[PDB]
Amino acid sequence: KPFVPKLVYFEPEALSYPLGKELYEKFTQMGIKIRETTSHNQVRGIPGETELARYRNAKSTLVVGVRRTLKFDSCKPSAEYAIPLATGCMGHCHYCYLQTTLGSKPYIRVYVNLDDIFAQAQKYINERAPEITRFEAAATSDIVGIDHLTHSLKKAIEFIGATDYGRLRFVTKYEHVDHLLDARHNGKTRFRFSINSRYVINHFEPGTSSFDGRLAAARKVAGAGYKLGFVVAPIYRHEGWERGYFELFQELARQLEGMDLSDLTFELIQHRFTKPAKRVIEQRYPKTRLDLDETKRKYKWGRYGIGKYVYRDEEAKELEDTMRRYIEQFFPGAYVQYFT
């Protein structure tokens, strides 16, 4: 608060780039322990004796590296592509889906070759133009949370602003957004914040900024002319969820009083987990009250990836309809982009 790692690895190749040169100067000056790693894909010697210890310590470790895979993943329903600037998070959200996506790489990775990345993104925009091409910057990380250390997203925001047909979006649980307020976004960045019921935030979201912290930060960026949006995720059927999520939109609208919310968007994601995740979360978060009972769920078989448990179609529709009614009640004119 804000995130500063207690251990930093550098790829040798990273030091050949401006941002790699800058971060090495910054972190050595701060007196942080710094190491070499032959690849950010395989970093050795993270302290701990149990897997759980190394997990906690990885989430305090930064790895400055080079993006060698320049081909972008698709990132639907959010965006055509995920622009890869970072991988990993300092948060300890019990439900986090990165526990399966980056289960083996729980440290924070930032890539230094922004010229390569922005170039390739420009290629993708050219491939589809004059159609709009969206890029998700926070698909596998809390890019905003860590950006104060690198300013990589700020640069990504300004690059996209310079393009005609390119668009950027990202979502965060962190309030540390002041350095992004004077960025030349040119209306092409959707700045989003993850929100939830009080039950879910308090019980399942340690290491993140409080609901009020996210809303203060939300007011600032809307005040800076960014496009604003929220991601209600994970939508979770805890005891009194109906009332729990009613008071969310009630408090949300209250904290966004007297503001231009004509271009406000909402995205809705029901809670989901994989079969591995149930045993991964049980040890990584022992005393969590997060229900991972598959008998309350339906298994949605995978296509290219592995399948996952979601709520039954009927219970899923109850959630969607409830969130839609609440958004329509407190935020008339706002647009629900999707429910998943």
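A residue's number is simply how far along the shown sequence it sits, counting from 1.
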| query | finding |
| --- | --- |
| Comparing 101-109 with 114-122, the one whose average Cα B-factor in the PDB entry is higher | 101-109 |
| 145-153 versus 250-258 - which carries the larger mean C-alpha B factor in the record | 250-258 |
| Lowest, middle or highest third - CA B-factor, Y165 | highest |
| Ranked C-alpha temperature factor of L264 among modelled chain residues, by third | highest |
| Ranked against its chain, the third holding the CA B-factor of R35 | highest |
| Chain-relative CA temperature factor third for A82 | lowest |
| CA B-factor ranking of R128, expressed as a third of its chain | highest |
